[PDB]
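# Got an experimental structure here, sequence first:
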Amino acid sequence: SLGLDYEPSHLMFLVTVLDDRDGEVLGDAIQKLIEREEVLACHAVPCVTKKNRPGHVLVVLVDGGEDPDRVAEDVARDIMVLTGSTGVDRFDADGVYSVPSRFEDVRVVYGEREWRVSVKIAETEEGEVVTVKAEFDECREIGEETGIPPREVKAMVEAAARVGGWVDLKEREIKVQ
Amino acid sequence: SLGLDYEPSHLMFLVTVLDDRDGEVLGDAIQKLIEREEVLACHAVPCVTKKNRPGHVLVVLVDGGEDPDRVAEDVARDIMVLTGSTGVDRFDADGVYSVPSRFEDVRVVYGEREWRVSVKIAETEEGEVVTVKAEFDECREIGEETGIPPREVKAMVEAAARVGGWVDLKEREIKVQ
Amino acid sequence: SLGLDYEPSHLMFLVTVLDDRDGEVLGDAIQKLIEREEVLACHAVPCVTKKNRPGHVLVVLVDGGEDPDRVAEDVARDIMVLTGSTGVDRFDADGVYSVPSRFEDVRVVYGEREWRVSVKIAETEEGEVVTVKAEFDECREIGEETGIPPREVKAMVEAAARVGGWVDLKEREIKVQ
């Protein structure tokens, strides 16, 4: 139990098939659907329906959280109201794999310009650091203004997150205390 | 129980992975697959298979209806016969959200030209009309020949479905009796 | 029971939602993911995430085989290590439809050039040969060098697999013994 966690999951797929007859309905419905916390993702999967008619299966990824069923019903109705569907199907995950994680803002200086990079550190009970991941968009965007390559920012930042230090890119240093 | 219905579902995903080695097999198989009532949708999802080979996961959305298993088996064999697969996997929905609905043909006149528009009215036990949806393709296609915008056809038709009347677009009227 | 087999399935979908923030992570992760036997397919499904941000739901199709849970966990960790995700969800098939199958190499000669074509023969207990499928890529690629159409190679090869013979395309013959 002190490797990967494997627990019951509150993730579900909410699924409905729409005729492509109602044109700007799906983009609009998705934009309202994502406004709520528990909707993780939306995708309209293109499909062939019954009289060789093009459809989309609207697929909504939902984190139920503490109470799934209130959340599932709220989203199901949203789907119904927003799309005109009267049949929304629900698919539950049989379990979720997880590792405890935390975030760590790492201070980056280049002599005269500075940033703060988010670093997710995923660590098990046993002390296995499975991932230390500096947020890449910040790393590459620093990698521009500095010039020096994005992945060396990443490597330095992640090593700084390990010892709780900060990065001086100008002298190639990680400073602890 | 007199809001949304949440009942056991006879919807299933029939899933098989195909090598892209057999070229015009998938379009043809889908065209035969959709010929039966209970196949709701088909999509070949592009995927990366095992020796960096491109595949498709053929995904068939099936309404089992009264007896799922006879329907599921018939479709599974069709998939097998049509594609050469010998392994078809089945994924059942854990439940379906639903609202009772009915259809209502609304008579539309523009002085000298007329149509009939299908309007789905979805209404719960409590009397909450969650959706009144005029079929959009008809609404926009009327919206052409008339000139006047498709969504005002929609709004007028849906209001006519509410009181069981008919639409006179020429004088901007909904007539009840 | 001597038609289609319908047995418990060791197939699962491993699902994780990624921000598109980490750029060349998905192609690389998929290329490592497919290296193991039990990963059947990988696809990153494009999706709309929470602050109208584009995401992908990485979807990994996994044959658990004899022990699913060791295989599932190994893949889940791979997903976690390779992508930085700390939440991998698991969806089990409710059953698999199957027909016993075997392969049969069919010798093809055109007077002076020869090949061996793989033919899958799927046959039930009752003796229903549901599919006899010559591997199409070989059939069409023979169909080139020979000139004569790919589907007549297929038909001849499949008929040869039936009687355990071999194909002489030059004299239009299937020879048994």
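Received it, and whenever you're ready, just let me know what you need. Numbering: from 1, shown residues only, chains lettered A, B, ... in the order given.
# Enumerate the residues of chain A near chain B.
Contact residues, chain A versus chain B (C-beta under 8 Å from any C-beta of the partner chain): A:12, A:15, A:17, A:21-23, A:25, A:45-52, A:55, A:57, A:69, A:72-73, A:76-77, A:80-81, A:84, A:86-92. C-betas here are computed from N, CA, C, even on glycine.
# out of the residues you listed, which touch chain C?
Among the residues of chain A next to chain B, proximity to chain C is found for A:45, A:91 (C-beta under 8 Å from any C-beta).
# Say whether chain C is contacted by stretch A:108-121.
Yes - counting by C-beta under 8 Å from any C-beta, contacts between stretch A:108-121 and chain C involve residue A:120.
# For that stretch, give me every contacting residue.
A:101-107, A:129, A:131-135, A:138-139, A:142, A:145-146, A:153, A:157-158, A:161, A:166-170, C:84, C:86 (C-beta atoms under 8 Å, 6 or more residues apart in numbering or on different chains).
# Centre-most residue in chain A?
The centroid of chain A falls nearest to residue A:40 when counting by C-alpha atoms, centre = their mean (7.5 Å).
# excluding its backbone neighbours, what's nearest it?
Counting by C-beta to C-beta, 6 or more residues apart in numbering or on different chains, the nearest residue to residue A:40 once its immediate chain neighbours are dropped is residue A:61, at 4.2 Å.
# from what I can see that neighbour touches residue A:39, true?
Yes - counting by C-beta atoms under 8 Å, residue A:61 does reach residue A:39; the two are 7.2 Å apart.
# What residues of the host helix or strand of the residue nearest to the centre of chain A count as buried?
Here residue A:40, judged by DSSP states H and E, is contained in strand A:39-48. Across strand A:39-48, burial judged by 16 or more other C-beta atoms under 10 Å in any protein chain shown covers A:39-45, A:47-48.
# So chain A: which segments form each domain?
Listed by curated CATH domains, the domain ranges of chain A are A:1-99, A:100-177.
# For those, state which one has the densest average packing.
Stretch with highest mean neighbour count among the domains of chain A: domain A:1-99 (a mean of 19; mean count of other C-beta atoms under 10 Å in any protein chain shown).
# could you say what helices and strands the strand holding residue A:40 packs with?
When contacts are defined as 3 or more C-beta pairs under 8 Å, 6 or more residues apart in numbering or on different chains; DSSP states H and E, strand A:39-48 packs onto strand A:11-19, helix A:25-33, strand A:54-63, strand B:39-48, strand C:39-48, strand C:54-63.
# Dump that strand to PDB, keeping only the CA atoms.
C-alpha atoms of strand A:39-48 as PDB (Å, rounded to 0.1, in the frame of the first residue of the first chain):
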ATOM      1  CA  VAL A  39     -16.000  18.800 -15.500                       C
ATOM      2  CA  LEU A  40     -12.500  17.800 -16.300                       C
ATOM      3  CA  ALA A  41     -12.700  17.600 -20.100                       C
ATOM      4  CA  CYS A  42     -15.200  17.700 -23.000                       C
ATOM      5  CA  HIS A  43     -14.900  16.300 -26.500                       C
ATOM      6  CA  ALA A  44     -17.400  15.700 -29.300                       C
ATOM      7  CA  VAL A  45     -16.300  12.500 -30.900                       C
ATOM      8  CA  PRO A  46     -17.300  12.500 -34.600                       C
ATOM      9  CA  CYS A  47     -19.200   9.400 -35.600                       C
ATOM     10  CA  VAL A  48     -21.400   7.700 -38.200                       C
END
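# Next, the angle from that strand to strand C:54-63.
Orientation of strand A:39-48 against strand C:54-63 (axes from the mean of the first three to the mean of the last three C-alpha atoms, to 10 degrees) gives an angle of 70 degrees.
# Pull the distance from strand A:39-48 to the chain's centre.
Distance of strand A:39-48 from the chain centroid (C-alpha atoms, centre = their mean, to the nearest Å) equals 16 Å.
# got the angle for that strand vs helix A:25-33?
Relative orientation of strand A:39-48 versus helix A:25-33 (the same axes, to 10 degrees): 170 degrees.
# Residue A:100 and residue C:87, how far apart?
As for residue A:100, its distance to residue C:87 is 11 Å (criterion: C-beta to C-beta, to the nearest Å).
# Would you map the strands across chain A?
In chain A, the strands defined using DSSP state E lie at A:5-7, A:11-19, A:39-48, A:54-63, A:87-92, A:95-98, A:101-110, A:113-123, A:129-134, A:166-168, A:173-175.
# and of the ones you listed, who's closest to residue C:29?
Closest of those to residue C:29 is strand A:129-134, at 12.0 Å (criterion: C-beta to C-beta).
# Show me what the closest one is packed up against.
strand A:113-123, helix A:150-163, helix C:68-83.
# beta partners for the nearest residue to residue A:4 once chain neighbours are set aside?
For residue A:4, ignoring the flanking residues on the chain, the nearest one in space by C-beta to C-beta, 6+ apart is residue A:97 at 5.3 Å. With DSSP bridges as the criterion, residue A:97 is bridged to residue A:6, residue C:88.
# ok, now which ones touch residue A:97?
With contact set as C-beta under 8 Å, 6+ apart, residue A:97 has these partners: A:4-6, C:72-73, C:76-77, C:80, C:87-90.
# And residue A:142, by the same measure?
So residue A:142 contacts A:108, A:115, A:117, A:150, A:153 (C-beta under 8 Å, 6+ apart).
# repeat that for 6 Å
Counting by C-beta atoms under 6 Å, 6 or more residues apart in numbering or on different chains, residue A:142 touches A:115, A:153.
# how much space between the residue nearest to the centre of chain A and residue A:132?
Separation of residue A:40 from residue A:132 (C-beta to C-beta) stands at 24 Å.
# Tell me which residue lies farthest from the centre of chain A.
Within chain A, the residue lying farthest from the chain centre (C-alpha atoms, centre = their mean) is residue A:51, at 37.0 Å.
# which one is it nearest to, not counting chain neighbours?
Nearest non-adjacent residue to residue A:51, counting by C-beta to C-beta, 6+ apart: residue B:34, 7.7 Å away.
# Pull up the gap between residue A:68 and residue A:22, please.
Relative to residue A:22, residue A:68 is positioned 29 Å away (C-beta to C-beta).
# er, residue A:78 I mean
16 Å.
# Please verify my assumption that residue A:93 contacts residue A:11.
Yes - proximity of residue A:93 to residue A:11 meets the contact threshold set by C-beta atoms under 6 Å, at 4.3 Å.
# okay, and the common contacts of these two?
Each of residue C:89 lies in contact with both residue A:93 and residue A:11 under the rule C-beta under 6 Å, 6+ apart.
# check contacts around the nearest residue to residue A:57 once chain neighbours are set aside.
Closest residue to residue A:57 apart from its sequence neighbours, by C-beta to C-beta, 6+ apart: residue A:45 at 4.5 Å. Counting by C-beta under 6 Å, 6+ apart, residue A:45 makes contact with A:57, A:59, B:43.
# Go again with 10 Å.
A:15, A:17, A:55-59, B:41, B:43, B:45, B:59, B:61, C:45 (C-beta atoms under 10 Å, 6 or more residues apart in numbering or on different chains).
# Can you lay out the residues you listed as a markdown table showing distance to residue B:124?
Formatted as a markdown table, these follow (distance: C-beta to C-beta, whole Å):
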| residue | distance to residue B:124 |
| --- | --- |
| A:15 | 21 |
| A:17 | 22 |
| A:55 | 26 |
| A:56 | 26 |
| A:57 | 25 |
| A:58 | 21 |
| A:59 | 25 |
| B:41 | 27 |
| B:43 | 32 |
| B:45 | 35 |
| B:59 | 32 |
| B:61 | 26 |
| C:45 | 33 |
